[PDB]
Amino acid sequence: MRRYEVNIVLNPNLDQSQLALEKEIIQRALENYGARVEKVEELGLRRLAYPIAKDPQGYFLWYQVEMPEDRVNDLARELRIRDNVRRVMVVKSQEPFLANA
Amino acid sequence: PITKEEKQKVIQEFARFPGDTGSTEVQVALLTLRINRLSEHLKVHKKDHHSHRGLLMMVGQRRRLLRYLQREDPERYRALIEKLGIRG
Amino acid sequence: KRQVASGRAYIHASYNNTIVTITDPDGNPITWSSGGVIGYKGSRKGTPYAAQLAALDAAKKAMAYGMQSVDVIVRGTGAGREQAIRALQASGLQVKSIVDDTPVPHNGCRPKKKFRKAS
Amino acid sequence: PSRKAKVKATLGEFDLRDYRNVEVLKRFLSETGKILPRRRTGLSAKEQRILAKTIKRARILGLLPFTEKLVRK
RNA sequence: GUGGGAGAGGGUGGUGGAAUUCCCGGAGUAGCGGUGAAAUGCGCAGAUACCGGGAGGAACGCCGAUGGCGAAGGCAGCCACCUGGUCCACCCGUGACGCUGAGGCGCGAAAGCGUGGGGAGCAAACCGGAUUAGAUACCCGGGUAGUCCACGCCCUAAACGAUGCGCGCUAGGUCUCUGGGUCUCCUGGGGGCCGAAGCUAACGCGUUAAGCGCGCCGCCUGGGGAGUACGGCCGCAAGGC
Ligand SMILES: NC[C@@H]1O[C@H](O[C@H]2[C@@H](O)[C@H](O[C@@H]3[C@@H](O)[C@H](N)C[C@H](N)[C@H]3O[C@H]3O[C@H](CO)[C@@H](O)[C@H](O)[C@H]3N)O[C@@H]2CO)[C@H](N)[C@@H](O)[C@@H]1O
Ligand SMILES: NC[C@@H]1O[C@H](O[C@H]2[C@@H](O)[C@H](O[C@@H]3[C@@H](O)[C@H](N)C[C@H](N)[C@H]3O[C@H]3O[C@H](CO)[C@@H](O)[C@H](O)[C@H]3N)O[C@@H]2CO)[C@H](N)[C@@H](O)[C@@H]1O
Ligand SMILES: [K+]
Ligand SMILES: [K+]
Ligand SMILES: [K+]
Ligand SMILES: [Mg+2]
Ligand SMILES: [Mg+2]
Ligand SMILES: [Mg+2]
Ligand SMILES: [Mg+2]
Ligand SMILES: [Mg+2]
Ligand SMILES: [Mg+2]
Ligand SMILES: [Mg+2]
Ligand SMILES: [Mg+2]
Ligand SMILES: [Mg+2]
Ligand SMILES: [Mg+2]
Ligand SMILES: [Mg+2]
Ligand SMILES: [Mg+2]
Ligand SMILES: [Mg+2]
Ligand SMILES: [Mg+2]
Ligand SMILES: [Mg+2]
Ligand SMILES: [Mg+2]
Ligand SMILES: [Mg+2]
Ligand SMILES: [Mg+2]
Ligand SMILES: [Mg+2]
Ligand SMILES: [Mg+2]
Ligand SMILES: [Mg+2]
Ligand SMILES: [Mg+2]
Ligand SMILES: [Mg+2]
Ligand SMILES: [Mg+2]
Ligand SMILES: [Mg+2]
Ligand SMILES: [Mg+2]
Ligand SMILES: [Mg+2]
Ligand SMILES: [Mg+2]
Ligand SMILES: [Mg+2]
Ligand SMILES: [Mg+2]
Ligand SMILES: [Mg+2]
Ligand SMILES: [Mg+2]
Ligand SMILES: [Mg+2]
Ligand SMILES: [Mg+2]
Ligand SMILES: [Mg+2]
Ligand SMILES: [Mg+2]
Ligand SMILES: [Mg+2]
Ligand SMILES: [Mg+2]
Ligand SMILES: [Mg+2]
Ligand SMILES: [Mg+2]
Ligand SMILES: [Mg+2]
Ligand SMILES: [Mg+2]
Ligand SMILES: [Mg+2]
Ligand SMILES: [Mg+2]
Ligand SMILES: [Mg+2]
Ligand SMILES: [Mg+2]
Ligand SMILES: [Mg+2]
Ligand SMILES: [Mg+2]
Ligand SMILES: [Mg+2]
Ligand SMILES: [Mg+2]
Ligand SMILES: [Mg+2]
Ligand SMILES: [Mg+2]
Numbered sequence: 001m002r003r004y005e006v007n008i009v010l011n012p013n014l015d016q017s018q019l020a021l022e023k024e025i026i027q028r029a030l031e032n033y034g035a036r037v038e039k040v041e042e043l044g045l046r047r048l049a050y051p052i053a054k055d056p057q058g059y060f061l062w063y064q065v066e067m068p069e070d071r072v073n074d075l076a077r078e079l080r081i082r083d084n085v086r087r088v089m090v091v092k093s094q095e096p097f098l099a100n101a
Numbered sequence: 002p003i004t005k006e007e008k009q010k011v012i013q014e015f016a017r018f019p020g021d022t023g024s025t026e027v028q029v030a031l032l033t034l035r036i037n038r039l040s041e042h043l044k045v046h047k048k049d050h051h052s053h054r055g056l057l058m059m060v061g062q063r064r065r066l067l068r069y070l071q072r073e074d075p076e077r078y079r080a081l082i083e084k085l086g087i088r089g
Numbered sequence: 011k012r013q014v015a016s017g018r019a020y021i022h023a024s025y026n027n028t029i030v031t032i033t034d035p036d037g038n039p040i041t042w043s044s045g046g047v048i049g050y051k052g053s054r055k056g057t058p059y060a061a062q063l064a065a066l067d068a069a070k071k072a073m074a075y076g077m078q079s080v081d082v083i084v085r086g087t088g089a090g091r092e093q094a095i096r097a098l099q100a101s102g103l104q105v106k107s108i109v110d111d112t113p114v115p116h117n118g119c120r121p122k123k124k125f126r127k128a129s
Numbered sequence: 016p017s018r019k020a021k022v023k024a025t026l027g028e029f030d031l032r033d034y035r036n037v038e039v040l041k042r043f044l045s046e047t048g049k050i051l052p053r054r055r056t057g058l059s060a061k062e063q064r065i066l067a068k069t070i071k072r073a074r075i076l077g078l079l080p081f082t083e084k085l086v087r088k
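Residue numbers (UniProt numbering), protein chains in the order written: chain U, 1 to 101; chain Z, 2 to 89; chain L, 11 to 129; chain W, 16 to 88.
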């Protein structure tokens, strides 16, 4: 049981329906792999520094979660199945390291 | 890995008395836990040698401690082996 | 015959030759020149003067399509790079900007022995 | 000798391990997409070593460029 | 033991962008390439240069260093999982349980070998072009094994600090990585430089000793013949000891 952070970048062109469906599958797969959600930050569409999947922008999701370590990899795989999901990055959470303090 | 609760479980299990973290029995026990963990890690990942060195060093340490116990108090030695189930 | 009137100028420079490709804003080429297009044949293509002649030639060929303002793109490290630049600067063409696009790998491929003591 | 400014002294209170914050990290990148040296950043060994990893993390997400085109010249 | 720390230490899976080559499309024309100078070569079946899309293989730019880790070989994009080593603080626990280590066992760059796969770039052999008195070379155009992956062999090296391991003692100055602390500074571990005493044939070494000592292992005994011959062991072979 460790605390991670899930970054997901998906298609910015999504209408509210398809978007809702993608997030539904995200929550679904999450509960399937047993990840408790501590909080969520939806940053929406932002302008990428380089083209990803030929599209100049992307829609962002950030989930701070806690899940059994053993299945984390096995989770990420699933999250990459959907065509609409172009980026997945899972990071072990870390205490913030301040500079110039 | 090896969580603190497991460590305390085995320590309290093999402790000669309350508060004893350092006795030969405790050390051999802890080492044995580590050794088993590592070997089960090495049934897969058999191509990882750097860790296998670690396994060698731990094994050696355990053998030396057990030898010491064997010298001082053969009763506690046989007891230790019996509870741990070493020597094969 | 298009009448583009604004476009890009690519400069490919190496210690051997310098060649200039003038394109529309989409990157599709219009005309081009080089040290070989001018009467130079051998090593003389690496000349700064060669590069000047080339740049000027491509520019004059671009006047024929009636072009005025261009963007310059520099690739390669070789002689006569800045000479081709200066050439284009006033050819009668207006130079809107200069950029060095020279591709540098993140070290993918093993260089030839000539270029080695690197990766 | 980079006597213009040190990126640290030109900045306020901030978190180095945060890969999602662009408007700060961008200051640590050159005219090109390259990570600045200790001379320019004015960071320390530990700090710089963390900064690198967070920058790369941001790059992969698409928040920061791997490389850029050089203006002027 | 408890609590903290740093790290390219190792194994498995996944993944990101730059570049090269090939393919597809657009646009576009007489050459590109390469050298001291050239030629072979490629190009009117449209090459070079430019934009767009795709496939594949290999290596990870900046960070990056005189830096870090590892017993050595060696280790560098990013993420996750498994896992080794190590340092500091507290003075908690055991109570000499230690050091070394013939033989044994395991690890061991590159090249090389076996089976299967893969093959973008590079490239022994080889095919050409030049140079040259010749050129079985340097330079140029190609190119097979190989380089890459899995499994199994091989056991070498300028495998280098040309400095076996451990412990104790013997001025300091300075730079640096990483902890702790009354945080000008003190204290501890690691990496560098200059230097006290001392040592050394000299160069140099000098708290990271090549100084002063103790323990244990390995090794040397003039050069060539020769790391050859014979024997033995090991190896599919090359060959190794
Ligand atoms: N090679 C793993 C690396 O682990 C890093 O993180 C490593 C360190 O930060 C961390 O240190 C741990 C920690 O609990 C704390 N600092 C003290 C502890 N003794 C350490 O654990 C250590 O000892 C144990 C055996 O006892 C080993 O199993 C383990 O590998 C080692 N890190 O343990 C981690 C695993 O070794 C980073 N993720 C990255 O550099 C990389 O993935
Ligand atoms: N970066 C992946 C690495 O893969 C290693 O092992 C992987 C690679 O060594 C090996 O090569 C695979 C190849 O099988 C497969 N047919 C194609 C694939 N593109 C390759 O993967 C890798 O190839 C090389 C490294 O050799 C890299 O240059 C490349 O970026 C990477 N994609 O395939 C293995 C997995 O099947 C280790 N797990 C670890 O170093 C790391 O995760
Ligand atoms: K010709
Ligand atoms: K070093
Ligand atoms: K002297
Ligand atoms: Mg997908
Ligand atoms: Mg030992
Ligand atoms: Mg030429
Ligand atoms: Mg690592
Ligand atoms: Mg590509
Ligand atoms: Mg074509
Ligand atoms: Mg050719
Ligand atoms: Mg060819
Ligand atoms: Mg022809
Ligand atoms: Mg021909
Ligand atoms: Mg024709
Ligand atoms: Mg054809
Ligand atoms: Mg091409
Ligand atoms: Mg392309
Ligand atoms: Mg292919
Ligand atoms: Mg560097
Ligand atoms: Mg070292
Ligand atoms: Mg070395
Ligand atoms: Mg005490
Ligand atoms: Mg007592
Ligand atoms: Mg030993
Ligand atoms: Mg031995
Ligand atoms: Mg070997
Ligand atoms: Mg090899
Ligand atoms: Mg082979
Ligand atoms: Mg084969
Ligand atoms: Mg070649
Ligand atoms: Mg060749
Ligand atoms: Mg030849
Ligand atoms: Mg001669
Ligand atoms: Mg063969
Ligand atoms: Mg050396
Ligand atoms: Mg050394
Ligand atoms: Mg040294
Ligand atoms: Mg000698
Ligand atoms: Mg020494
Ligand atoms: Mg020895
Ligand atoms: Mg020891
Ligand atoms: Mg020191
Ligand atoms: Mg070192
Ligand atoms: Mg000195
Ligand atoms: Mg003296
Ligand atoms: Mg002297
Ligand atoms: Mg000493
Ligand atoms: Mg000998
Ligand atoms: Mg003799
Ligand atoms: Mg001899
Ligand atoms: Mg020999
Ligand atoms: Mg004999
Ligand atoms: Mg014999
Ligand atoms: Mg035989
Ligand atoms: Mg032979």
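Beta carbons are placed, not taken as given, at the ideal position from N, Cα and C, and that holds for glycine.
- Looking at the backbone, the Cα of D30(W) and that of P80(W) are separated by about 20 Å.
- A direct Cα-Cα distance of roughly 26 Å separates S24(L) from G102(L).
- Just measuring C-alpha positions, the residue of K23(W), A24(W), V37(W), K21(W) sitting nearest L48(U) is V37(W).
- One finds nothing in chain L with a Cβ atom closer than 7 Å to the Cβ of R72(W); even the nearest lies about 17 Å away.
- DSSP places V72(U) within a helical segment (H, G or I) once states are collapsed to three.
- Using a CB distance below 8 Å, no part of the stretch 50 to 66 of chain W faces chain L.
- Taking a contact as a CB-CB distance under 8 Å, the pair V29(Z) and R63(Z) counts as one, their CB atoms being some 6 Å apart.
- In terms of Cβ geometry, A69(L) and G45(L) do not form a close pair [threshold 7 Å].
- Of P16(W), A24(W), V22(W), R32(W), the smallest CA-CA separation from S93(U) is found for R32(W).
- Residue environment: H51(Z) is assigned as exposed (fewer than 16 neighbouring CB atoms within 10 Å of its CB, all protein chains considered).
- Nearest Cα to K19(W) within the set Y34(W), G57(W), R72(W): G57(W).
- In summary, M1(U) is exposed, with fewer than 16 beta-carbon neighbours lying within 10 Å of its beta-carbon over all protein chains present.
- Just measuring C-alpha positions, the residue of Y20(L), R96(L), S43(L), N26(L) sitting nearest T33(L) is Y20(L).
- Taking all protein chains shown into account, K106(L) has fewer than 16 neighbouring C-beta atoms within 10 Å of its C-beta and is therefore exposed.
- At a cut-off of 7 Å between beta-carbon atoms, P16(W) makes no contact with chain U.
- Beta-bridge analysis with DSSP links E22(U) to no other residue.
- In the DSSP assignment, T31(L) falls within the beta strand (DSSP E) that extends over 28 to 33.
- In terms of Cβ geometry, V90(U) and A76(U) form a close pair [threshold 7 Å].
- When DSSP states are grouped into helix, strand and coil, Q104(L) belongs to the strand group.
- Distance from the CA atom of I87(Z) to the CA atom of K48(Z), rounded to whole angstroms, is 26 Å.
- Under the Cβ distance rule, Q94(U) counts among the residues neighbouring chain W, one pair being separated by less than 7 Å.
- At least one CB atom of chain U sits nearer than 7 Å to the CB of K23(W).
- Using a CB distance below 8 Å, no part of the stretch 17 to 37 of chain U faces chain W.
- Scanning its chain for C-beta atoms nearer than 6 Å, with the 5 sequence neighbours on each side dropped, one finds no residue around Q13(Z).
- If you ignore the 5 residues before and after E41(Z), its C-beta comes within less than 6 Å of no other C-beta in its own chain.
- For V37(W), there is no enclosing beta strand (DSSP E); the enclosing alpha helix (DSSP H) covers residues 37 to 40.
- For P12(U), no beta strand (DSSP E) encloses it, and the DSSP letter there is neither H nor E.
- Inter-residue distance for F15(Z) and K44(Z) is about 27 Å (C-alpha atoms, whole angstroms).
- With its beta carbon at least 7 Å from every one in chain W, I32(L) lies outside the interface.
- If you draw a 10 Å sphere on the C-beta of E26(Z), you find 16 or more other C-beta atoms in it, and that means buried.
- Using a 10 angstroms sphere on the CB of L43(U), the tally of other CB atoms stays under 16, which defines it as exposed.
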